[PDB]
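Colleague: This is the structure I have questions about; it appears just below.
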Amino acid sequence: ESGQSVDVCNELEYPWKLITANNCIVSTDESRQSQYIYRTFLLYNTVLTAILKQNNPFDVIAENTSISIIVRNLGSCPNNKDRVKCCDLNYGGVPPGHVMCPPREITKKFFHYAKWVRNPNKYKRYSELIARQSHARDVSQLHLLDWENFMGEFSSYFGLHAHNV
DNA sequence: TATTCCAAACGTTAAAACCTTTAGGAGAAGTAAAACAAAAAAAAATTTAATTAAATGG
């Protein structure tokens with residue numbers, strides 16, 4: 001009851017809603033974290049594309065593309081192996097090196113969440129994917145910790161307040 | 001001792017395909033009636049003998 005609950009998937013007018021309702025799903029905190037990670041890594045991909053003097057392999061949503069093979073291509077970042085070796089990439093701006101090296105399993109679960117889009121109607125098959133507890137509690141919570149570490153260090157790297165989420 | 005990924009079996013959720021149940025139309029044998037013609041059986045009429053009714057007659 002508390003807060004603004006008027007935003008419901010019954011967004012028609014009294015009779016027309018009485019006839020049919022908007023397509024909708026169940027939202028829960030864990031899928032919300034999945035979405036946060038998703039949007040933030042979309043932002044990260046956009047910034048890479050912007051400062052890149054080469055293509056951005058992390059920007060292709062095709063099928064045969066697999067985060068596994070791309071990871072195998074690029075590999076763990078030197079000063080932090082949990083990250084990825086984006087330091088060697090080619091930027092039109094001066095290479096910041098390690099600065100652009102996100103974690104590993106975070107990107108894995110990001111890609112698996114992304115490949116959801118093929119059939120959104122099977123929403124639950126990936127609704128929670130990134131932050132799933134499939135112990136695994138430690139694994140996924142520390143993955144969230146690593147992701148938010150990347151988020152904050154990026155934000156500080158460009159003066160962005162951590163509160164802009 | 002204890003990693004590290006790299007590969008690999010397994011479960012579960014959708015898609016797709018498949019069998020199902022019912023519904024509408026299509027001939028198809030089966031029953032039946034339509035009709036056909038002999039056969040049998042009944043009916044109809046026939047003719048004589050017998051009977052009686054009546055006139056002729058001991």
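Labels used: A, B, ... for chains in the order of the structure tokens, numbers from 1 for residues in each chain, and numbers from 1 for ligands as shown.
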What are the closest atom pairs, with distances in Å to one decimal, for all residues of chain B lying within 10 Å of chain A? Consider only C-alpha atoms (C1' of nucleotides), order rows by chain and residue number, and present the result as a Markdown table.

Modeller:
```
| residue | atom | partner | partner_atom | distance |
| --- | --- | --- | --- | --- |
| B:12 | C1' | A:125 | CA | 9.9 |
| B:13 | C1' | A:125 | CA | 7.9 |
| B:14 | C1' | A:122 | CA | 7.3 |
```

Colleague: Leaving out residue 123 in chain A and any residue of its chain fewer than 6 positions from it, which residues lie within 12 Å of it when counting only C-alpha atoms (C1' of nucleotides), given as a PDB file with C-alpha atoms (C1' of nucleotides), in the first residue's frame?

Modeller:
```pdb
ATOM      1  CA  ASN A  23       0.604  -7.590 -21.221  1.00  0.00           C
ATOM      2  CA  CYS A  24       2.497  -7.796 -17.949  1.00  0.00           C
ATOM      3  CA  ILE A  25       4.826  -9.921 -15.832  1.00  0.00           C
ATOM      4  CA  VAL A  26       5.912 -10.248 -12.198  1.00  0.00           C
ATOM      5  CA  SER A  27       8.723  -7.956 -11.055  1.00  0.00           C
ATOM      6  CA  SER A  31      15.261  -9.233 -11.753  1.00  0.00           C
ATOM      7  CA  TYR A 113      20.393 -12.078 -19.779  1.00  0.00           C
ATOM      8  CA  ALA A 114      20.665 -10.277 -23.120  1.00  0.00           C
ATOM      9  CA  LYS A 115      20.053 -13.378 -25.245  1.00  0.00           C
ATOM     10  CA  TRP A 116      16.647 -13.427 -23.544  1.00  0.00           C
ATOM     11  CA  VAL A 117      15.328 -10.975 -26.148  1.00  0.00           C
ATOM     12  CA  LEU A 129      19.092 -14.719 -14.816  1.00  0.00           C
TER      13      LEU A 129
ATOM     14  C1'  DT B  13      10.256 -24.901 -20.903  1.00  0.00           C
ATOM     15  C1'  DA B  14       8.568 -23.575 -24.853  1.00  0.00           C
TER      16       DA B  14
END
```

Colleague: Rounded to one decimal, what separation in Å do you get between CA of residue 54 in chain A and CA of residue 69 in chain A?

Modeller: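 Computing it gives 18.9 Å between the two atoms.
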
Colleague: Have a look at A:151, A:131, A:21, A:87 and name the one nearest to residue 99 in chain A; count only C-alpha atoms.

Modeller: A:87

Colleague: What does the distance from CA of residue 111 in chain A to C1' of residue 9 in chain B come to in Å, to one decimal?

Modeller: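 CA of residue 111 in chain A sits 23.2 Å away from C1' of residue 9 in chain B.
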
Colleague: Do you have the CA of residue 84 in chain A-CA of residue 101 in chain A distance handy?

Modeller: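 So the two atoms, CA of residue 84 in chain A and CA of residue 101 in chain A, lie 4.9 Å apart.
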
Colleague: Determine which residues of range 25-151 of chain A receive a DSSP assignment of alpha helix (DSSP H), computed from the backbone, and state them as an MDAnalysis selection string.

Modeller: chainID A and resid 29:51 67:74 105:114 124:127 136:151

Colleague: Can you list, as a ChimeraX atom specification, every protein, DNA or RNA residue that comes within 7 Å of residue 10 in chain A when you count only C-alpha atoms (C1' of nucleotides), leaving out same-chain residues fewer than 2 positions away?

Modeller: /A:8,12,17,21-22

Colleague: Within 9 Å of range 75-80 of chain A, counting only C-alpha atoms (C1' of nucleotides), which residues qualify if same-chain residues fewer than 4 places away don't, as number ranges by chain?

Modeller: A: 70-71, 84-87, 98, 101-104

Colleague: Can those selected residues be exported to a file as an mmCIF file, in the first residue's frame so that it contains N, CA, C and O atoms?

Modeller:
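What ended up in selection15.cif:
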```
data_model
loop_
_atom_site.group_PDB
_atom_site.id
_atom_site.type_symbol
_atom_site.label_atom_id
_atom_site.label_comp_id
_atom_site.auth_asym_id
_atom_site.auth_seq_id
_atom_site.Cartn_x
_atom_site.Cartn_y
_atom_site.Cartn_z
ATOM 1 N N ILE A 70 34.091 -14.863 -26.893
ATOM 2 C CA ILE A 70 34.696 -13.535 -26.837
ATOM 3 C C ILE A 70 35.633 -13.436 -25.643
ATOM 4 O O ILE A 70 36.751 -12.911 -25.744
ATOM 5 N N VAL A 71 35.191 -13.939 -24.491
ATOM 6 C CA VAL A 71 36.047 -13.978 -23.312
ATOM 7 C C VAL A 71 37.322 -14.746 -23.620
ATOM 8 O O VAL A 71 38.434 -14.278 -23.350
ATOM 9 N N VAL A 84 38.621 -8.136 -17.383
ATOM 10 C CA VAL A 84 38.879 -8.549 -18.756
ATOM 11 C C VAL A 84 39.904 -7.608 -19.376
ATOM 12 O O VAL A 84 40.004 -6.440 -18.992
ATOM 13 N N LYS A 85 40.665 -8.115 -20.348
ATOM 14 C CA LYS A 85 41.833 -7.395 -20.848
ATOM 15 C C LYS A 85 41.461 -6.306 -21.847
ATOM 16 O O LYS A 85 42.002 -6.271 -22.954
ATOM 17 N N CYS A 86 40.555 -5.402 -21.471
ATOM 18 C CA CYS A 86 40.256 -4.268 -22.332
ATOM 19 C C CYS A 86 41.373 -3.234 -22.351
ATOM 20 O O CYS A 86 41.326 -2.313 -23.173
ATOM 21 N N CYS A 87 42.359 -3.353 -21.461
ATOM 22 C CA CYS A 87 43.449 -2.387 -21.432
ATOM 23 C C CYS A 87 44.185 -2.326 -22.766
ATOM 24 O O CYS A 87 44.672 -1.259 -23.157
ATOM 25 N N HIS A 98 43.683 -0.492 -17.915
ATOM 26 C CA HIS A 98 42.837 -1.279 -17.024
ATOM 27 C C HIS A 98 41.494 -0.636 -16.717
ATOM 28 O O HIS A 98 40.549 -1.348 -16.360
ATOM 29 N N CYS A 101 38.065 -2.362 -17.804
ATOM 30 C CA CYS A 101 38.125 -3.819 -17.681
ATOM 31 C C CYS A 101 37.079 -4.294 -16.680
ATOM 32 O O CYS A 101 37.339 -4.338 -15.468
ATOM 33 N N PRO A 102 35.881 -4.645 -17.139
ATOM 34 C CA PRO A 102 34.839 -5.121 -16.224
ATOM 35 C C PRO A 102 35.078 -6.560 -15.809
ATOM 36 O O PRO A 102 35.909 -7.260 -16.406
ATOM 37 N N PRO A 103 34.344 -7.048 -14.801
ATOM 38 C CA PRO A 103 34.553 -8.421 -14.319
ATOM 39 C C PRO A 103 34.200 -9.472 -15.357
ATOM 40 O O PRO A 103 33.785 -9.143 -16.473
ATOM 41 N N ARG A 104 34.363 -10.744 -14.996
ATOM 42 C CA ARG A 104 34.164 -11.832 -15.944
ATOM 43 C C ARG A 104 32.758 -12.416 -15.891
ATOM 44 O O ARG A 104 31.991 -12.313 -16.855
#
```

Colleague: Using only C-alpha atoms (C1' of nucleotides), which residues sit within 10 Å of residue 50 in chain A once same-chain residues fewer than 6 positions away are excluded, as a PyMOL selection string?

Modeller: chain A and resi 44+56+91-93
